[PDB]
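Note: the block below is upload.txt and it holds compact mmCIF, N, CA, C and O atoms.
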```txt
# COMPACT_ATOMS: atom_id res chain seq x y z
N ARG O 1 -14.35 -8.64 -18.26
CA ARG O 1 -12.99 -8.98 -17.86
C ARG O 1 -12.86 -9.12 -16.35
O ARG O 1 -12.51 -10.19 -15.85
N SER O 2 -13.15 -8.04 -15.62
CA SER O 2 -12.96 -8.03 -14.18
C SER O 2 -14.00 -8.90 -13.49
O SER O 2 -15.20 -8.76 -13.71
N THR O 3 -13.52 -9.81 -12.64
CA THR O 3 -14.34 -10.67 -11.81
C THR O 3 -14.13 -10.29 -10.35
O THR O 3 -13.35 -9.40 -10.02
N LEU O 4 -14.84 -10.99 -9.46
CA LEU O 4 -14.71 -10.70 -8.04
C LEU O 4 -13.33 -11.07 -7.50
O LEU O 4 -13.00 -10.67 -6.38
N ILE O 5 -12.54 -11.85 -8.24
CA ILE O 5 -11.17 -12.08 -7.84
C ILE O 5 -10.40 -10.77 -7.80
O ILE O 5 -9.54 -10.57 -6.93
N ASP O 6 -10.72 -9.85 -8.72
CA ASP O 6 -10.14 -8.51 -8.64
C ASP O 6 -10.72 -7.72 -7.47
O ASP O 6 -10.04 -6.85 -6.92
N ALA O 7 -11.95 -8.03 -7.06
CA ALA O 7 -12.52 -7.39 -5.88
C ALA O 7 -11.83 -7.87 -4.61
O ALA O 7 -11.44 -7.06 -3.76
N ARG O 8 -11.67 -9.19 -4.46
CA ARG O 8 -10.91 -9.73 -3.33
C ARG O 8 -9.50 -9.15 -3.29
O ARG O 8 -8.95 -8.94 -2.21
N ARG O 9 -8.92 -8.87 -4.46
CA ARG O 9 -7.56 -8.34 -4.49
C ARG O 9 -7.51 -6.90 -3.99
O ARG O 9 -6.57 -6.51 -3.29
N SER O 10 -8.52 -6.10 -4.34
CA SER O 10 -8.60 -4.73 -3.82
C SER O 10 -8.75 -4.75 -2.31
O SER O 10 -8.11 -3.96 -1.60
N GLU O 11 -9.60 -5.64 -1.80
CA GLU O 11 -9.66 -5.91 -0.37
C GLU O 11 -8.27 -6.14 0.21
O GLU O 11 -7.85 -5.46 1.15
N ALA O 12 -7.54 -7.12 -0.34
CA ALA O 12 -6.28 -7.53 0.24
C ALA O 12 -5.22 -6.44 0.11
O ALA O 12 -4.33 -6.35 0.96
N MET O 13 -5.30 -5.62 -0.93
CA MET O 13 -4.33 -4.54 -1.08
C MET O 13 -4.47 -3.51 0.04
O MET O 13 -3.47 -3.13 0.66
N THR O 14 -5.70 -3.05 0.31
CA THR O 14 -5.87 -2.09 1.40
C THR O 14 -5.49 -2.71 2.74
O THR O 14 -5.00 -2.00 3.62
N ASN O 15 -5.69 -4.02 2.91
CA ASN O 15 -5.27 -4.67 4.14
C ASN O 15 -3.75 -4.64 4.29
O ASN O 15 -3.23 -4.35 5.38
N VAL O 16 -3.03 -4.94 3.21
CA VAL O 16 -1.58 -4.90 3.26
C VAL O 16 -1.09 -3.46 3.39
O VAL O 16 -0.06 -3.19 4.02
N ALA O 17 -1.84 -2.51 2.82
CA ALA O 17 -1.47 -1.10 2.94
C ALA O 17 -1.53 -0.64 4.39
O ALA O 17 -0.63 0.08 4.86
N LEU O 18 -2.57 -1.03 5.12
CA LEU O 18 -2.61 -0.67 6.53
C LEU O 18 -1.55 -1.43 7.32
O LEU O 18 -0.97 -0.88 8.26
N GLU O 19 -1.27 -2.67 6.93
CA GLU O 19 -0.17 -3.39 7.56
C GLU O 19 1.17 -2.74 7.26
O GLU O 19 2.08 -2.79 8.09
N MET O 20 1.32 -2.12 6.08
CA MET O 20 2.54 -1.37 5.79
C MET O 20 2.70 -0.19 6.73
O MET O 20 3.78 0.03 7.30
N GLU O 21 1.63 0.60 6.91
CA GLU O 21 1.73 1.77 7.77
C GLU O 21 1.93 1.38 9.22
O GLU O 21 2.64 2.06 9.97
N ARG O 22 1.31 0.27 9.64
CA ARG O 22 1.52 -0.22 11.00
C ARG O 22 2.99 -0.55 11.24
O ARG O 22 3.59 -0.09 12.20
N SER O 23 3.58 -1.35 10.34
CA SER O 23 4.99 -1.70 10.47
C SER O 23 5.87 -0.46 10.45
O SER O 23 6.83 -0.36 11.22
N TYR O 24 5.56 0.50 9.57
CA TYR O 24 6.32 1.74 9.48
C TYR O 24 6.35 2.47 10.82
O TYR O 24 7.42 2.87 11.29
N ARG O 25 5.19 2.64 11.45
CA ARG O 25 5.13 3.35 12.73
C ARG O 25 5.66 2.50 13.87
O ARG O 25 6.17 3.04 14.86
N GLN O 26 5.53 1.17 13.78
CA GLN O 26 6.19 0.31 14.76
C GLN O 26 7.71 0.43 14.64
O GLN O 26 8.41 0.54 15.65
N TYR O 27 8.23 0.41 13.40
CA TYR O 27 9.67 0.50 13.21
C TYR O 27 10.22 1.82 13.74
O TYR O 27 11.28 1.85 14.38
N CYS O 28 9.51 2.92 13.50
CA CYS O 28 10.00 4.22 13.95
C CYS O 28 10.03 4.30 15.47
O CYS O 28 10.80 5.10 16.02
N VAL O 29 9.24 3.48 16.16
CA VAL O 29 9.24 3.48 17.62
C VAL O 29 10.36 2.61 18.16
O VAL O 29 11.12 3.03 19.04
N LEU O 30 10.50 1.38 17.64
CA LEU O 30 11.42 0.41 18.22
C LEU O 30 12.78 0.38 17.53
O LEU O 30 13.76 -0.06 18.14
N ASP O 31 12.85 0.80 16.27
CA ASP O 31 14.12 0.84 15.52
C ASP O 31 14.76 -0.54 15.44
O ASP O 31 15.93 -0.74 15.81
N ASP O 32 13.99 -1.52 14.96
CA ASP O 32 14.46 -2.89 14.87
C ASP O 32 14.60 -3.32 13.42
O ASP O 32 13.66 -3.13 12.64
N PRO O 33 15.74 -3.89 13.03
CA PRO O 33 15.92 -4.28 11.62
C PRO O 33 14.94 -5.34 11.14
O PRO O 33 14.60 -5.36 9.95
N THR O 34 14.48 -6.22 12.03
CA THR O 34 13.53 -7.25 11.61
C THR O 34 12.19 -6.64 11.19
O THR O 34 11.56 -7.13 10.25
N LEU O 35 11.74 -5.58 11.88
CA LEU O 35 10.51 -4.91 11.47
C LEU O 35 10.67 -4.27 10.10
O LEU O 35 9.72 -4.26 9.31
N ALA O 36 11.86 -3.74 9.81
CA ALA O 36 12.12 -3.20 8.48
C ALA O 36 11.95 -4.26 7.40
O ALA O 36 11.38 -3.99 6.34
N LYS O 37 12.43 -5.48 7.67
CA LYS O 37 12.28 -6.57 6.70
C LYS O 37 10.81 -6.90 6.48
O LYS O 37 10.37 -7.09 5.34
N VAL O 38 10.02 -6.98 7.56
CA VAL O 38 8.59 -7.22 7.43
C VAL O 38 7.94 -6.13 6.59
O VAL O 38 7.11 -6.41 5.71
N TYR O 39 8.31 -4.87 6.84
CA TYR O 39 7.74 -3.76 6.08
C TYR O 39 8.03 -3.90 4.59
O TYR O 39 7.14 -3.69 3.76
N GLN O 40 9.27 -4.24 4.23
CA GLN O 40 9.58 -4.42 2.82
C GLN O 40 8.92 -5.66 2.26
O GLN O 40 8.53 -5.68 1.09
N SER O 41 8.76 -6.70 3.08
CA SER O 41 8.01 -7.87 2.64
C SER O 41 6.55 -7.51 2.34
O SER O 41 5.99 -7.94 1.33
N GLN O 42 5.93 -6.71 3.22
CA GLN O 42 4.57 -6.25 2.97
C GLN O 42 4.51 -5.33 1.76
O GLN O 42 3.61 -5.45 0.92
N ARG O 43 5.48 -4.42 1.63
CA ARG O 43 5.56 -3.56 0.46
C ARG O 43 5.72 -4.38 -0.82
O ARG O 43 5.09 -4.07 -1.84
N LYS O 44 6.56 -5.41 -0.78
CA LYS O 44 6.70 -6.32 -1.91
C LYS O 44 5.40 -7.04 -2.23
O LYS O 44 5.02 -7.18 -3.40
N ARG O 45 4.69 -7.50 -1.19
CA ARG O 45 3.39 -8.16 -1.39
C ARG O 45 2.38 -7.22 -2.03
O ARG O 45 1.58 -7.64 -2.88
N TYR O 46 2.37 -5.94 -1.63
CA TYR O 46 1.48 -4.98 -2.27
C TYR O 46 1.87 -4.76 -3.73
O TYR O 46 1.01 -4.67 -4.61
N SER O 47 3.18 -4.62 -3.99
CA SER O 47 3.66 -4.47 -5.36
C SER O 47 3.17 -5.61 -6.25
O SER O 47 2.73 -5.37 -7.38
N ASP O 48 3.24 -6.84 -5.75
CA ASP O 48 2.83 -7.98 -6.56
C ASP O 48 1.35 -7.93 -6.90
O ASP O 48 0.95 -8.24 -8.02
N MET O 49 0.51 -7.54 -5.93
CA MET O 49 -0.92 -7.45 -6.19
C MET O 49 -1.25 -6.31 -7.14
O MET O 49 -2.13 -6.44 -8.00
N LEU O 50 -0.54 -5.18 -7.02
CA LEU O 50 -0.75 -4.07 -7.95
C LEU O 50 -0.45 -4.49 -9.38
O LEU O 50 -1.17 -4.12 -10.31
N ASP O 51 0.61 -5.28 -9.57
CA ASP O 51 0.94 -5.79 -10.90
C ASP O 51 -0.19 -6.66 -11.45
O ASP O 51 -0.60 -6.51 -12.60
N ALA O 52 -0.70 -7.57 -10.62
CA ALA O 52 -1.85 -8.38 -11.01
C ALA O 52 -3.12 -7.54 -11.18
O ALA O 52 -4.08 -8.02 -11.78
N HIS O 53 -3.13 -6.32 -10.65
CA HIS O 53 -4.25 -5.40 -10.78
C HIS O 53 -4.10 -4.45 -11.97
O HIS O 53 -4.94 -3.56 -12.13
N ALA O 54 -3.06 -4.62 -12.79
CA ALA O 54 -2.88 -3.78 -13.96
C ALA O 54 -4.07 -3.92 -14.91
O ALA O 54 -4.50 -5.03 -15.22
N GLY O 55 -4.59 -2.79 -15.35
CA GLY O 55 -5.86 -2.78 -16.06
C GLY O 55 -7.01 -2.77 -15.07
O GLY O 55 -7.04 -1.94 -14.16
N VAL O 56 -7.94 -3.71 -15.24
CA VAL O 56 -9.13 -3.83 -14.39
C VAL O 56 -10.01 -2.58 -14.50
O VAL O 56 -9.66 -1.51 -14.01
N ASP O 57 -3.63 3.65 -16.25
CA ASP O 57 -4.64 4.56 -15.71
C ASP O 57 -4.03 5.54 -14.71
O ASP O 57 -2.89 5.38 -14.26
N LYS O 58 -4.83 6.55 -14.35
CA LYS O 58 -4.38 7.59 -13.43
C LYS O 58 -4.16 7.03 -12.02
O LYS O 58 -3.08 7.19 -11.44
N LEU O 59 -5.18 6.39 -11.46
CA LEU O 59 -5.10 5.91 -10.08
C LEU O 59 -4.04 4.82 -9.94
O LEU O 59 -3.36 4.74 -8.91
N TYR O 60 -3.87 4.00 -10.97
CA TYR O 60 -2.83 2.97 -10.93
C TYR O 60 -1.44 3.59 -10.86
O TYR O 60 -0.59 3.15 -10.08
N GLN O 61 -1.20 4.62 -11.67
CA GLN O 61 0.13 5.23 -11.69
C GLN O 61 0.46 5.87 -10.35
O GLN O 61 1.60 5.76 -9.88
N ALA O 62 -0.52 6.52 -9.72
CA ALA O 62 -0.27 7.17 -8.44
C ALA O 62 0.04 6.15 -7.36
O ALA O 62 0.87 6.40 -6.48
N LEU O 63 -0.62 4.99 -7.40
CA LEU O 63 -0.33 3.94 -6.42
C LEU O 63 1.09 3.42 -6.58
O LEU O 63 1.77 3.15 -5.58
N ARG O 64 1.56 3.29 -7.82
CA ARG O 64 2.92 2.81 -8.02
C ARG O 64 3.95 3.84 -7.56
O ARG O 64 4.99 3.46 -7.02
N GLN O 65 3.67 5.14 -7.74
CA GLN O 65 4.62 6.16 -7.29
C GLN O 65 4.70 6.22 -5.78
O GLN O 65 5.80 6.35 -5.22
N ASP O 66 3.55 6.18 -5.09
CA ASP O 66 3.57 6.18 -3.63
C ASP O 66 4.31 4.96 -3.09
O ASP O 66 5.11 5.07 -2.16
N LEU O 67 4.05 3.79 -3.68
CA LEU O 67 4.77 2.58 -3.30
C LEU O 67 6.28 2.77 -3.44
O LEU O 67 7.04 2.33 -2.57
N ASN O 68 6.72 3.42 -4.52
CA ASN O 68 8.15 3.65 -4.71
C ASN O 68 8.68 4.70 -3.74
O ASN O 68 9.79 4.56 -3.22
N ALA O 69 7.90 5.75 -3.49
CA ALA O 69 8.32 6.79 -2.56
C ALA O 69 8.39 6.29 -1.13
O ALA O 69 9.15 6.84 -0.32
N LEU O 70 7.63 5.25 -0.79
CA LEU O 70 7.65 4.66 0.55
C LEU O 70 8.72 3.58 0.69
O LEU O 70 8.69 2.82 1.66
N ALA O 71 9.68 3.52 -0.25
CA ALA O 71 10.64 2.42 -0.24
C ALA O 71 11.57 2.48 0.96
O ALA O 71 11.97 1.43 1.48
N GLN O 72 11.93 3.67 1.41
CA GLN O 72 12.87 3.84 2.51
C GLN O 72 12.16 4.36 3.75
O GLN O 72 11.27 5.21 3.66
N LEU O 73 12.56 3.84 4.90
CA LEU O 73 11.94 4.18 6.18
C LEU O 73 12.66 5.36 6.79
O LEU O 73 13.81 5.24 7.24
N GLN O 74 12.00 6.51 6.84
CA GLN O 74 12.54 7.71 7.46
C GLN O 74 11.78 7.98 8.76
O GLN O 74 10.56 8.11 8.74
N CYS O 75 12.51 8.06 9.87
CA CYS O 75 11.93 8.27 11.18
C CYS O 75 12.50 9.54 11.80
O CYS O 75 13.61 9.97 11.48
N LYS O 76 11.71 10.15 12.69
CA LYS O 76 12.13 11.38 13.36
C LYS O 76 11.36 11.48 14.67
O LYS O 76 10.14 11.68 14.66
N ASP O 77 12.07 11.33 15.79
CA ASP O 77 11.49 11.42 17.13
C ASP O 77 10.40 10.36 17.34
O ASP O 77 9.26 10.66 17.71
N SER O 78 10.77 9.11 17.07
CA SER O 78 9.94 7.92 17.27
C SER O 78 8.74 7.87 16.33
O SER O 78 7.89 6.97 16.48
N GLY O 79 8.64 8.78 15.37
CA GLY O 79 7.57 8.75 14.40
C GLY O 79 8.11 8.86 12.98
O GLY O 79 9.29 9.15 12.77
N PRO O 80 7.26 8.62 11.99
CA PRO O 80 7.70 8.79 10.60
C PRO O 80 8.02 10.24 10.32
O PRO O 80 7.48 11.15 10.95
N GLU O 81 8.94 10.46 9.37
CA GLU O 81 9.20 11.82 8.91
C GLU O 81 7.92 12.44 8.38
O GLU O 81 7.01 11.74 7.91
N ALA O 82 7.85 13.77 8.43
CA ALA O 82 6.65 14.47 7.99
C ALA O 82 6.32 14.14 6.54
O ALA O 82 5.15 13.93 6.20
N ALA O 83 7.33 14.10 5.67
CA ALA O 83 7.08 13.78 4.27
C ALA O 83 6.68 12.32 4.10
O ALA O 83 5.81 11.99 3.28
N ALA O 84 7.30 11.43 4.88
CA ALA O 84 6.89 10.03 4.88
C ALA O 84 5.46 9.86 5.38
O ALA O 84 4.69 9.07 4.82
N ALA O 85 5.09 10.60 6.42
CA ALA O 85 3.74 10.50 6.96
C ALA O 85 2.70 11.01 5.97
O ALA O 85 1.60 10.44 5.87
N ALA O 86 3.03 12.07 5.23
CA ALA O 86 2.11 12.59 4.22
C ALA O 86 1.94 11.60 3.08
O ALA O 86 0.85 11.47 2.51
N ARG O 87 3.01 10.88 2.74
CA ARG O 87 2.92 9.86 1.70
C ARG O 87 2.08 8.68 2.15
O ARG O 87 1.27 8.16 1.38
N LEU O 88 2.28 8.22 3.39
CA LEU O 88 1.46 7.14 3.92
C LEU O 88 -0.02 7.50 3.88
O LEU O 88 -0.86 6.66 3.51
N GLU O 89 -0.35 8.74 4.23
CA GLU O 89 -1.74 9.18 4.18
C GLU O 89 -2.27 9.18 2.75
O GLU O 89 -3.37 8.69 2.48
N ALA O 90 -1.49 9.73 1.82
CA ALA O 90 -1.90 9.76 0.43
C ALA O 90 -2.05 8.35 -0.14
O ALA O 90 -2.98 8.07 -0.89
N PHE O 91 -1.12 7.46 0.22
CA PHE O 91 -1.18 6.09 -0.25
C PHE O 91 -2.44 5.38 0.24
O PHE O 91 -3.06 4.61 -0.51
N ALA O 92 -2.83 5.62 1.49
CA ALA O 92 -4.05 5.02 2.01
C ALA O 92 -5.30 5.56 1.31
O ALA O 92 -6.26 4.81 1.11
N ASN O 93 -5.30 6.83 0.92
CA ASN O 93 -6.48 7.38 0.26
C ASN O 93 -6.58 6.91 -1.19
O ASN O 93 -7.68 6.68 -1.70
N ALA O 94 -5.44 6.77 -1.87
CA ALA O 94 -5.48 6.17 -3.21
C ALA O 94 -5.96 4.73 -3.16
O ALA O 94 -6.65 4.27 -4.08
N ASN O 95 -5.63 4.00 -2.09
CA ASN O 95 -6.13 2.64 -1.92
C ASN O 95 -7.64 2.63 -1.72
O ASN O 95 -8.33 1.75 -2.24
N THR O 96 -8.16 3.58 -0.94
CA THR O 96 -9.60 3.70 -0.79
C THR O 96 -10.27 3.98 -2.12
O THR O 96 -11.31 3.39 -2.45
N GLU O 97 -9.69 4.89 -2.91
CA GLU O 97 -10.21 5.16 -4.24
C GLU O 97 -10.17 3.91 -5.11
O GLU O 97 -11.12 3.63 -5.85
N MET O 98 -9.09 3.14 -5.01
CA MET O 98 -8.95 1.92 -5.79
C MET O 98 -10.07 0.93 -5.49
O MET O 98 -10.64 0.33 -6.40
N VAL O 99 -10.42 0.76 -4.21
CA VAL O 99 -11.53 -0.11 -3.84
C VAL O 99 -12.82 0.36 -4.49
O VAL O 99 -13.57 -0.44 -5.06
N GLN O 100 -13.11 1.66 -4.39
CA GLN O 100 -14.31 2.21 -5.03
C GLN O 100 -14.31 1.94 -6.53
O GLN O 100 -15.26 1.37 -7.07
N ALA O 101 -13.23 2.34 -7.21
CA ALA O 101 -13.15 2.18 -8.66
C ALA O 101 -13.26 0.71 -9.05
O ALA O 101 -14.00 0.36 -9.98
N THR O 102 -12.52 -0.16 -8.36
CA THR O 102 -12.58 -1.58 -8.66
C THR O 102 -14.00 -2.11 -8.52
O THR O 102 -14.49 -2.86 -9.38
N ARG O 103 -14.71 -1.72 -7.46
CA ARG O 103 -16.01 -2.32 -7.21
C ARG O 103 -17.06 -1.82 -8.21
O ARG O 103 -18.01 -2.54 -8.52
N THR O 104 -16.90 -0.60 -8.75
CA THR O 104 -17.84 -0.16 -9.79
C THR O 104 -17.63 -0.93 -11.09
O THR O 104 -18.61 -1.33 -11.74
N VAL O 105 -16.38 -1.18 -11.48
CA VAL O 105 -16.14 -1.84 -12.77
C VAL O 105 -16.40 -3.34 -12.72
O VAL O 105 -16.71 -3.93 -13.77
N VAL O 106 -16.31 -3.98 -11.55
CA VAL O 106 -16.56 -5.42 -11.46
C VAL O 106 -18.05 -5.74 -11.48
O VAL O 106 -18.42 -6.92 -11.62
N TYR O 107 -18.92 -4.74 -11.41
CA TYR O 107 -20.35 -5.00 -11.38
C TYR O 107 -21.18 -4.16 -12.35
O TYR O 107 -22.35 -4.49 -12.55
N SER O 108 -20.63 -3.12 -12.96
CA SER O 108 -21.42 -2.31 -13.89
C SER O 108 -21.16 -2.74 -15.33
O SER O 108 -21.17 -3.94 -15.64
```
Would you encode the structure as structure tokens?
Amino acid sequence: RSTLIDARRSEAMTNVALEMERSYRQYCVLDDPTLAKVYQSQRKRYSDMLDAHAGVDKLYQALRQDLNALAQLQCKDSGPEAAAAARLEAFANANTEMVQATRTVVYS
């Protein structure tokens, strides 16, 4: 079932995930509504790829929850809120796990 198109998608998801965290920390510094729109656009782009990544589970469910928990931008003293920052970190590690898991199933 899984082809390298699913591998390219895991690539692109982690790329958008880091772009999400970049926009999040940029927004908390500058407090600009346009950056918020970009962040939700990137979050929406990640959501769409996760849907296309359905199948290919535990790791899938956790990625969807982190995506939902990151829906609102909470800032505190020019940085993300502590709970928001912990979610961003967890979301990035689940994405790393997703790349590993995806790459084993596309070739074994």
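Taking CA of residue 83 in chain O and CA of residue 28 in chain O as endpoints, the distance between them is 13.9 Å.
Atom N of residue 88 in chain O is positioned 10.9 Å from atom C of residue 74 in chain O.
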What is the CA of residue 52 in chain O to atom O of residue 107 in chain O distance in Å? 20.9 Å
For residue 53 in chain O, work out the shell of residues within 8 Å, counting only N, CA, C and O atoms and skipping chain neighbours fewer than 5 positions away, then give it as a PyMOL selection string. chain O and resi 6+9-10+46-48+60
Do you know which residues are at most 12 Å from residue 40 in chain O counting only C-alpha atoms, after dropping those on the same chain fewer than 2 positions away, and could you put them as a PDB file with N, CA, C and O atoms, keeping the file's coordinate frame?
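Below is the file that was written, out19.pdb:
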```pdb
ATOM      1  N   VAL O  16      -3.030  -4.940   3.210  1.00  0.00           N
ATOM      2  CA  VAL O  16      -1.580  -4.900   3.260  1.00  0.00           C
ATOM      3  C   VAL O  16      -1.090  -3.460   3.390  1.00  0.00           C
ATOM      4  O   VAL O  16      -0.060  -3.190   4.020  1.00  0.00           O
ATOM      5  N   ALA O  17      -1.840  -2.510   2.820  1.00  0.00           N
ATOM      6  CA  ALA O  17      -1.470  -1.100   2.940  1.00  0.00           C
ATOM      7  C   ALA O  17      -1.530  -0.640   4.390  1.00  0.00           C
ATOM      8  O   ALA O  17      -0.630   0.080   4.860  1.00  0.00           O
ATOM      9  N   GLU O  19      -1.270  -2.670   6.930  1.00  0.00           N
ATOM     10  CA  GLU O  19      -0.170  -3.390   7.560  1.00  0.00           C
ATOM     11  C   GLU O  19       1.170  -2.740   7.260  1.00  0.00           C
ATOM     12  O   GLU O  19       2.080  -2.790   8.090  1.00  0.00           O
ATOM     13  N   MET O  20       1.320  -2.120   6.080  1.00  0.00           N
ATOM     14  CA  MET O  20       2.540  -1.370   5.790  1.00  0.00           C
ATOM     15  C   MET O  20       2.700  -0.190   6.730  1.00  0.00           C
ATOM     16  O   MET O  20       3.780   0.030   7.300  1.00  0.00           O
ATOM     17  N   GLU O  21       1.630   0.600   6.910  1.00  0.00           N
ATOM     18  CA  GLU O  21       1.730   1.770   7.770  1.00  0.00           C
ATOM     19  C   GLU O  21       1.930   1.380   9.220  1.00  0.00           C
ATOM     20  O   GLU O  21       2.640   2.060   9.970  1.00  0.00           O
ATOM     21  N   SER O  23       3.580  -1.350  10.340  1.00  0.00           N
ATOM     22  CA  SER O  23       4.990  -1.700  10.470  1.00  0.00           C
ATOM     23  C   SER O  23       5.870  -0.460  10.450  1.00  0.00           C
ATOM     24  O   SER O  23       6.830  -0.360  11.220  1.00  0.00           O
ATOM     25  N   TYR O  24       5.560   0.500   9.570  1.00  0.00           N
ATOM     26  CA  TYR O  24       6.320   1.740   9.480  1.00  0.00           C
ATOM     27  C   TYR O  24       6.350   2.470  10.820  1.00  0.00           C
ATOM     28  O   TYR O  24       7.420   2.870  11.290  1.00  0.00           O
ATOM     29  N   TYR O  27       8.230   0.410  13.400  1.00  0.00           N
ATOM     30  CA  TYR O  27       9.670   0.500  13.210  1.00  0.00           C
ATOM     31  C   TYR O  27      10.220   1.820  13.740  1.00  0.00           C
ATOM     32  O   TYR O  27      11.280   1.850  14.380  1.00  0.00           O
ATOM     33  N   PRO O  33      15.740  -3.890  13.030  1.00  0.00           N
ATOM     34  CA  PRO O  33      15.920  -4.280  11.620  1.00  0.00           C
ATOM     35  C   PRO O  33      14.940  -5.340  11.140  1.00  0.00           C
ATOM     36  O   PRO O  33      14.600  -5.360   9.950  1.00  0.00           O
ATOM     37  N   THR O  34      14.480  -6.220  12.030  1.00  0.00           N
ATOM     38  CA  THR O  34      13.530  -7.250  11.610  1.00  0.00           C
ATOM     39  C   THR O  34      12.190  -6.640  11.190  1.00  0.00           C
ATOM     40  O   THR O  34      11.560  -7.130  10.250  1.00  0.00           O
ATOM     41  N   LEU O  35      11.740  -5.580  11.880  1.00  0.00           N
ATOM     42  CA  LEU O  35      10.510  -4.910  11.470  1.00  0.00           C
ATOM     43  C   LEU O  35      10.670  -4.270  10.100  1.00  0.00           C
ATOM     44  O   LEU O  35       9.720  -4.260   9.310  1.00  0.00           O
ATOM     45  N   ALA O  36      11.860  -3.740   9.810  1.00  0.00           N
ATOM     46  CA  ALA O  36      12.120  -3.200   8.480  1.00  0.00           C
ATOM     47  C   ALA O  36      11.950  -4.260   7.400  1.00  0.00           C
ATOM     48  O   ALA O  36      11.380  -3.990   6.340  1.00  0.00           O
ATOM     49  N   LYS O  37      12.430  -5.480   7.670  1.00  0.00           N
ATOM     50  CA  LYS O  37      12.280  -6.570   6.700  1.00  0.00           C
ATOM     51  C   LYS O  37      10.810  -6.900   6.480  1.00  0.00           C
ATOM     52  O   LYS O  37      10.370  -7.090   5.340  1.00  0.00           O
ATOM     53  N   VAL O  38      10.020  -6.980   7.560  1.00  0.00           N
ATOM     54  CA  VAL O  38       8.590  -7.220   7.430  1.00  0.00           C
ATOM     55  C   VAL O  38       7.940  -6.130   6.590  1.00  0.00           C
ATOM     56  O   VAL O  38       7.110  -6.410   5.710  1.00  0.00           O
ATOM     57  N   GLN O  42       5.930  -6.710   3.220  1.00  0.00           N
ATOM     58  CA  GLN O  42       4.570  -6.250   2.970  1.00  0.00           C
ATOM     59  C   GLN O  42       4.510  -5.330   1.760  1.00  0.00           C
ATOM     60  O   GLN O  42       3.610  -5.450   0.920  1.00  0.00           O
ATOM     61  N   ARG O  43       5.480  -4.420   1.630  1.00  0.00           N
ATOM     62  CA  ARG O  43       5.560  -3.560   0.460  1.00  0.00           C
ATOM     63  C   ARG O  43       5.720  -4.380  -0.820  1.00  0.00           C
ATOM     64  O   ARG O  43       5.090  -4.070  -1.840  1.00  0.00           O
ATOM     65  N   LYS O  44       6.560  -5.410  -0.780  1.00  0.00           N
ATOM     66  CA  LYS O  44       6.700  -6.320  -1.910  1.00  0.00           C
ATOM     67  C   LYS O  44       5.400  -7.040  -2.230  1.00  0.00           C
ATOM     68  O   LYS O  44       5.020  -7.180  -3.400  1.00  0.00           O
ATOM     69  N   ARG O  45       4.690  -7.500  -1.190  1.00  0.00           N
ATOM     70  CA  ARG O  45       3.390  -8.160  -1.390  1.00  0.00           C
ATOM     71  C   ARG O  45       2.380  -7.220  -2.030  1.00  0.00           C
ATOM     72  O   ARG O  45       1.580  -7.640  -2.880  1.00  0.00           O
ATOM     73  N   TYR O  46       2.370  -5.940  -1.630  1.00  0.00           N
ATOM     74  CA  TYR O  46       1.480  -4.980  -2.270  1.00  0.00           C
ATOM     75  C   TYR O  46       1.870  -4.760  -3.730  1.00  0.00           C
ATOM     76  O   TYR O  46       1.010  -4.670  -4.610  1.00  0.00           O
ATOM     77  N   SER O  47       3.180  -4.620  -3.990  1.00  0.00           N
ATOM     78  CA  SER O  47       3.660  -4.470  -5.360  1.00  0.00           C
ATOM     79  C   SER O  47       3.170  -5.610  -6.250  1.00  0.00           C
ATOM     80  O   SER O  47       2.730  -5.370  -7.380  1.00  0.00           O
ATOM     81  N   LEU O  67       4.050   3.790  -3.680  1.00  0.00           N
ATOM     82  CA  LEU O  67       4.770   2.580  -3.300  1.00  0.00           C
ATOM     83  C   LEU O  67       6.280   2.770  -3.440  1.00  0.00           C
ATOM     84  O   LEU O  67       7.040   2.330  -2.570  1.00  0.00           O
ATOM     85  N   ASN O  68       6.720   3.420  -4.520  1.00  0.00           N
ATOM     86  CA  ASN O  68       8.150   3.650  -4.710  1.00  0.00           C
ATOM     87  C   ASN O  68       8.680   4.700  -3.740  1.00  0.00           C
ATOM     88  O   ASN O  68       9.790   4.560  -3.220  1.00  0.00           O
ATOM     89  N   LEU O  70       7.630   5.250  -0.790  1.00  0.00           N
ATOM     90  CA  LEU O  70       7.650   4.660   0.550  1.00  0.00           C
ATOM     91  C   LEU O  70       8.720   3.580   0.690  1.00  0.00           C
ATOM     92  O   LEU O  70       8.690   2.820   1.660  1.00  0.00           O
ATOM     93  N   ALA O  71       9.680   3.520  -0.250  1.00  0.00           N
ATOM     94  CA  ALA O  71      10.640   2.420  -0.240  1.00  0.00           C
ATOM     95  C   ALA O  71      11.570   2.480   0.960  1.00  0.00           C
ATOM     96  O   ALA O  71      11.970   1.430   1.480  1.00  0.00           O
ATOM     97  N   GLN O  72      11.930   3.670   1.410  1.00  0.00           N
ATOM     98  CA  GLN O  72      12.870   3.840   2.510  1.00  0.00           C
ATOM     99  C   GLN O  72      12.160   4.360   3.750  1.00  0.00           C
ATOM    100  O   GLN O  72      11.270   5.210   3.660  1.00  0.00           O
ATOM    101  N   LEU O  73      12.560   3.840   4.900  1.00  0.00           N
ATOM    102  CA  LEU O  73      11.940   4.180   6.180  1.00  0.00           C
ATOM    103  C   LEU O  73      12.660   5.360   6.790  1.00  0.00           C
ATOM    104  O   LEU O  73      13.810   5.240   7.240  1.00  0.00           O
TER     105      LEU O  73
END
```
Run DSSP on the backbone and tell me which residues of range 31-79 of chain O come out as helix (DSSP H, G or I); list them as a ChimeraX atom specification. /O:33-52,58-69
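Those residues that approach range 75-77 of chain O to within 9 Å, counting only C-alpha atoms, are residues 24, 25, 27, 28, 29, 31, 80, 81, 82 and 84 of chain O; same-chain residues fewer than 3 positions away are not listed.
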Could you work out an axis-aligned bounding box for all listed atoms of range 53-56 of chain O, with 8 Å added on each of the six sides, and give its centre and edge lengths in Å to one decimal, as lines of an AutoDock Vina configuration file?
```
center_x = -6.4
center_y = -3.9
center_z = -13.4
size_x = 23.1
size_y = 20.8
size_z = 21.4
```
Option closest in space to residue 102 in chain O, from O:18, O:30, O:56, O:79 [counting all atoms listed in the file]: O:56
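Restricting the calculation to only C-alpha atoms, the smallest distance between residue 86 in chain O and any of O:14, O:66, O:103, O:98 is found for O:66.
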